[PDB]
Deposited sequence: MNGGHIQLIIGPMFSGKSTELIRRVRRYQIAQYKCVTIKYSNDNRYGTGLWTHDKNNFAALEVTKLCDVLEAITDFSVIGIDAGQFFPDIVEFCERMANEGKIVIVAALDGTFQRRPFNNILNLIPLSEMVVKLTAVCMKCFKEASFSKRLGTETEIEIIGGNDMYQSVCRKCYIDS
């Protein structure tokens, strides 16, 4: 009785969500019962805030794709339960916040995942490989596109 967990991290603008739908479409086109979840009020996928709300619903599905997984506090127990019930869990999440500090409870999922990959963005200042996200406003994050965030490399993140 075994599933697995695929983990996709990376900075903003690196394409995590698109890679998520590629892996999901791989199974869905092979007649898998696929469902996708994303975090509501972000800016065919379900929009929820707590994963404990959909624990009962997706019992009949074999493929679970989750976008913006760092926002779900119960992401780890959820993925472990589904992976132990024979379901394939694919997660696209941020590894670090704007302060390059760990995001919520998303790292505790790596000792439980079968595959972990980090994608790269393009730096919007020195047009090199970006691996960090940097907010442009004055708050201390807040969700947004590129108007307030930019994907940068190591040298451009510190001034």
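Mapping the modelled residues onto the deposited sequence reveals missing stretches at 1, 45-58, 157-158, 177.
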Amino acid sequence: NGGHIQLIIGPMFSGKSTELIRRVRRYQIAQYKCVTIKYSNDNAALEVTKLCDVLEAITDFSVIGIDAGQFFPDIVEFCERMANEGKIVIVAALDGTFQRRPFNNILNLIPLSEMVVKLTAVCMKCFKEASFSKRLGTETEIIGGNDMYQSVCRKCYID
From here on, numbers count along this sequence of modelled residues.
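Between 91-99 and 130-138, the higher mean Cα B-factor belongs to 130-138. Note on 48-56 vs 114-122: mean CA B-factor is higher in 48-56. Take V24, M12, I143, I9 and read off each C-alpha B-factor from the entry; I143 has the highest. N105 sits in the highest third of its chain by CA B factor, as recorded in the PDB entry. Split the chain's modelled residues into thirds by C-alpha temperature factor. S62 is in the middle one. Per the deposited record, the Cα B-factor of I158 falls in the highest third when ranked against the other modelled residues of its chain. Annotation for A68: CA B-factor lies in the lowest third of the chain's modelled residues.
The entry lists a Cα temperature factor for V35 that places it in the middle third of the chain's modelled residues.
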